[PDB]
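>>> got a structure for you, letters missing:
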């Protein structure tokens, strides 16, 4: 439970006037982006954050492939069946992978990614005025 993560969301929500959920979305995109960096295998990783607890877990996903050309971001159909027979060609598999503690990095690093997400919103907003 990282309280700093929940504290940074309150400063970005009032400063960006955006919903806290949206902020966590950008934070997850930054963690996953850096998360896959550790593997260096260009793997698709998704991280979910919990506002109540104040912590996020890193997760990895794969696409069902009949001839997976790269298992770093694609899962074979047979493998998908093992993880979930309900999976088929074109489906996505979910898996939990090691995660990095938020304390490992300072909130200033996330402040840079938060600005990029808000900078793109300046071009246009879903609800102008």
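Ah, there it is. Numbering: from 1, shown residues only.

>>> just so I have it, where are all the strands in this structure?
45-50, 55-65, 74-76, 92-96 (DSSP state E).

>>> possible to save those as CSV with mean neighbour count and distance to residue 22?
Where C-beta positions appear, they are placed from N, C-alpha and C, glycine not excepted. CSV is the format used below for the strands of the chain (neighbours: other Cβ atoms under 10 Å; distance: least, Cβ to Cβ, whole Å):
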stretch, mean neighbour count, distance to residue 22
strand 45-50, 19, 12
strand 55-65, 19, 15
strand 74-76, 18, 30
strand 92-96, 13, 22
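
>>> columns distance to residue 35 on top of those strands, output as CSV?
As requested, these are exported to CSV (distance: least, Cβ to Cβ, whole Å):
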stretch, distance to residue 35
strand 45-50, 4
strand 55-65, 5
strand 74-76, 18
strand 92-96, 12
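
>>> so which of those gets nearest residue 122?
strand 45-50 (24.3 Å; Cβ to Cβ).

>>> is it true that residue 46 touches residue 29?
No. Contact between residue 46 and residue 29 fails when scored by Cβ atoms under 8 Å: they sit 9.1 Å apart.

>>> sorry, back to before: the strands of the chain: which one's closest to residue 103?
Among these, strand 55-65 sits nearest to residue 103 (Cβ to Cβ), with 10.6 Å.

>>> parallel or antiparallel, list what pairs with that closest one.
Here strand 55-65 has these sheet partners by DSSP bridges: strand 45-50 (antiparallel), strand 74-76 (parallel), strand 92-96 (antiparallel).

>>> output these as TSV; include the columns distance to residue 82.
Shown next, in TSV, are the strands paired with strand 55-65 (distance: least, Cβ to Cβ, whole Å):
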stretch	distance to residue 82
strand 45-50	20
strand 74-76	9
strand 92-96	10
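
>>> follow-up on the earlier one: closest to residue 23 out of the strands of the chain?
strand 45-50 (9.1 Å).

>>> centre of the chain to that closest one, how far?
Here the centre of strand 45-50 is set off from its chain's centre by 4 Å, with Cα atoms, centre = their mean, to the nearest Å.
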